[PDB]
Amino acid sequence: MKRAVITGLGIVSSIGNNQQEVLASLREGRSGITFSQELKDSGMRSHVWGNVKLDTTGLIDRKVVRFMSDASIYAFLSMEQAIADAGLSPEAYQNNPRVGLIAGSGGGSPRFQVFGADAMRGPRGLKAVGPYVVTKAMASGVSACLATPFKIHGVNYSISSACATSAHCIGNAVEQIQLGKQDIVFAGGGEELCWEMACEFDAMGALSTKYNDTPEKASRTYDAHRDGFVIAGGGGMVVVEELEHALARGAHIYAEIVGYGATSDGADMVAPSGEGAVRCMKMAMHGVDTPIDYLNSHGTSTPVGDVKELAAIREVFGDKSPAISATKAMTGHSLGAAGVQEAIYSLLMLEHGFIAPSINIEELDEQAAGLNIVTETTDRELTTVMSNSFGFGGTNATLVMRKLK
Amino acid sequence: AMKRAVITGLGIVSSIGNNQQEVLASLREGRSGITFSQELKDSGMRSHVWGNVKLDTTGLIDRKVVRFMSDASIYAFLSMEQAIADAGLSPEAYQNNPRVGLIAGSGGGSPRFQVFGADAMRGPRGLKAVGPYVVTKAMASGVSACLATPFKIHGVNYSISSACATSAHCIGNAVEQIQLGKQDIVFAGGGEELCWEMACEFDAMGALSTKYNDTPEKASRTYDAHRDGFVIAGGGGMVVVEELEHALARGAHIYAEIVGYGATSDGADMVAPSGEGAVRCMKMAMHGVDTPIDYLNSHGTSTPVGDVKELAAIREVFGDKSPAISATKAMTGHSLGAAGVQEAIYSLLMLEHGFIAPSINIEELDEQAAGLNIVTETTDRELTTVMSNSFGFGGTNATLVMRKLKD
Amino acid sequence: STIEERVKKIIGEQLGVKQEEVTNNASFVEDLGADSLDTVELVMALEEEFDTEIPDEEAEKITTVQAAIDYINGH
Amino acid sequence: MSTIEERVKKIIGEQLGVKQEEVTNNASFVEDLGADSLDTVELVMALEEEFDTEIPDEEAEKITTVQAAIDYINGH
Ligand SMILES: */C=C\C(=O)NCCNC(=O)CCNC(=O)[C@@H](O)C(C)(C)COP(*)(=O)O
Ligand SMILES: */C=C\C(=O)NCCNC(=O)CCNC(=O)[C@@H](O)C(C)(C)COP(*)(=O)O
């Protein structure tokens, strides 16, 4: 059966607006978290976010951006990057039934769903709404707004699975290649950054609130005094491609996707059960003869969530645990975009032979003890890496990537 | 040899029925599910007509479960309860089972609760007024998350979203999970809430019918010369997609085998369909299917732009040997994300009970709809193979082909 | 006739239990199966009823029938 | 000295993204310019922002041509 590789990538995140900038931030251990006027003026207790630092003005054709929310914009720019990075030209990927696109967001666009309602209830009524709210606000906005300008003819839809969203998008792309249905699938996601959505997470008590005056310290995965995650925005896209198709055009291959896990807890709505995560990682490792050298953990910096995963990690690996860092300590939580971005971080680490640090661990959690949690940038030759993504509703995703030989 | 997938159970909550029997009666009779809506009128919309669910959902679901749910999740949950019972599955059979999964989504999550959340925040109580349940209601994956947890699903778990093709792609994906050997059972379907918050966004586009508010049951009128847009609707649906040998052997009742699944993209116009994408989609679903298509449930939303494009695509695929065609949206209205699975269920009832539902309200048949065997009166017939089309904004296409199992 | 015994009524609705099962020194988590998020909504419900804001670390460590009634008296 | 006379052209120009010189007064929105039925809706709206008036539906779709827009504003 067919094999799948990554032959290009693109990213717009809190720690870089391309793979060069991001690569540098990963090596630095730099943080992408800043203070947010918007979150404060809204009335929230959380004032920190991992925002995108980029002027998007004019970057996309007018006839194209008129349909887009911020999630679509980030995903579109990431896709432009991924295409060039894969060295693909329009004749190679447009109007091609064997080329598709699977990308989604966690929450579509609350900003424009609200805008539409506000416009409707203000004067003018329907006249203030405009004809572009549906495509911006619908859950499939990211995939619809990209597949059309890029002339995609293959598969075209969005996976939605909360914080595991773009991970399942990548996994599905692999399945499309495995089933022989596609030669190339663009896979990824995006997420807008706004109080409209962020406030709903704060109302849960899921967001960090005790570190507003020192934003870069707010996200602190595996620390004893963590208090929730730092919401973030951005996008990412990877070119998922059939192996023989990539080799024949002399494509640059980052890694093969040798494992994909997707499972469910069927237990608690917002708290992970561990059982599901163990099955997920084991499922991704099935038929993988090499060991896992590095693991990008989900690790959101919530009190309940971080150690649950560690317990699950122990159970899978036992005494042979892999090196572990949670890049969300730098990046914040990108929600739907997290899966593809963290996959890209893992691929950059695999490509340039280093491990990014898990920062802000002042006091290591007592239940985080007998493990290889990396806190300082460390050069190493990696061969096989793993990235976990978990979401509300007890949904799980794991990717295993490995150098081709 | 590659794994085969069958439907062994279904459930539905729609504008024309709150279960498969009520729906069966409405389908045979050609009864409209469309009514006038005060809510839409009071909001300021030009469209005042609805494909509403006629059911009080209060108390139907346990407190601890419904506290997380928007209407899309509720309709989908109720449809799933029906599908489970209809498949003769017991809790021991499908719960806490790594080979049993669920793929269900909505087109737009929950605009109502996203708006509710913003209002609460901007009100006098701010954060205190929002509550801890808006995320789970509003997020795009709500339908799959709010179901997989109470039903103790352990297999795959996520939502496909593709606008009006949503639950069609969910079923196709469920099939792929079985083909890949990863799952024995996948619950597949979707739901959609019905509210002015979302409907007005379609109205601002000019996509909704506006000239028939005084006669609600005449508003949705696919293939009519004087159609003026679709009638928005809500509801849910779920089907039990199951590996063949797993189903046969537990003595499951099998509605049909899924012998084809098409999924393509236009890559052309954002809101207007292209002929070529739909043609490739139908051809993809018919590939390796040796019998002919006896009936086709068309997407047919009753828009001026959309109805004739689909017909043109149909002509190109079949030529002079077109199958019988009816658009059930003329009765049901447009369920958006739930449309795919509901229309799949309608087609399965037609296949199970040997009849073809009428495509109603065609007073004057459109000039471009000529010579295509569009059925307008209920017609008994023994069907073997049926087809259902679902298209969405962004030029996304889905086609399902289903056929009776032999012996 | 209104007492101030509804706090019992509110808790009852929110946690979906039978009024007799609510008993002054009954704990929300350990006896009435309330969780993480149930806690948040009940504190809110105690504010809709009984016009009064309850500060975050005030309304936490409440946690048993008793202390809900206790707090509200003199508020 | 002169306060502007019918910047209608500007609204159309920016809305449809053209170089101002292409906005001919006999130029129709669809067959030239390159607007689709969703572009139209936004343009009618934009003409209401500018010109602080409202335009009823059955009026707005008699509007196609650059002139028809000029014609409509004048006398309203
Ligand atoms: C949810 C939408 C859906 O069902 N999509 C699949 C079928 N597509 C259509 O039916 C096209 C409907 N769109 C219209 O009728 C028009 O109002 C627009 C295309 C939105 C604007 O049309 P213009 O005349 O360019
Ligand atoms: C999108 C969310 C996500 O990333 N889900 C997967 C990771 N899991 C977690 O981060 C743990 C869930 N968080 C919590 O349960 C708490 O933060 C609350 C949501 C605030 C609930 O508090 P309770 O006392 O359980």
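First the proteins, then the strands, lettered A, B, ... as listed; each starts at 1.
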Donor-acceptor pair between [X] and [Y] side chains, under 3.5 angstrom:
| X | Y | result |
| --- | --- | --- |
| A/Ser334 | A/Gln341 | yes |
| A/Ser36 | A/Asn51 | no |
| B/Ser159 | B/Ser161 | no |

For a quick test of your reading: what N or O donor-acceptor pairs under 3.5 Å do the side chains of residues 129-140 of chain B make, sequence neighbours left out?
unit_1: B/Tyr133; atom_1: OH; unit_2: B/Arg67; atom_2: NH1; d: 2.8
unit_1: B/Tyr133; atom_1: OH; unit_2: C/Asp38; atom_2: OD1; d: 3.4
unit_1: B/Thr136; atom_1: OG1; unit_2: B/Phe68; atom_2: O; d: 3.4

Closest contact, heavy atoms only, B/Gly191 versus B/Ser106: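 Here B/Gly191 and B/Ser106 meet closest at O-CB, 3.1 Å.
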Where A/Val48 and A/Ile33 come nearest, the two heavy atoms and their spacing: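 Scanning both residues, the minimum pair turns out to be CB-CG2, 3.8 Å.
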Straight-line distance of A/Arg111 CZ to A/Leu193 CG, nearest 0.5 Å: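 Taking CZ in A/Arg111 and CG in A/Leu193, the distance rounds to 8.5 Å.
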Carboxylate-amine/guanidinium contact B/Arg63 C/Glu41, below 4.0 Å: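 The answer is no: the pair does not qualify as a salt bridge.
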C/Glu49/C/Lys9 salt bridge by N-O under 4.0 Å criterion: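 Not counted as a salt bridge, because no side-chain N and carboxylate O are separated by less than 4.0 Å.
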Worked verdict on A/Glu196 versus A/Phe112 for side chain to side chain contact (heavy atoms under 4.5 Å, CB included): CA-CA 9 Å; A/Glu196 287 95 327; A/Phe112 275 98; over 6 Å; no
B/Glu192 side chain to B/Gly236 backbone, donor-acceptor under 3.5 Å: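 The answer is no, because no donor-acceptor pair under 3.5 Å joins these two groups.
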Partners meeting ring-ring contact (aromatic ring centres under 6.0 Å, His included) with A/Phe229 (sequence neighbours left out):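 By the ring-ring contact (aromatic ring centres under 6.0 Å, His included) rule, A/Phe229 matches A/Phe201, A/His333.
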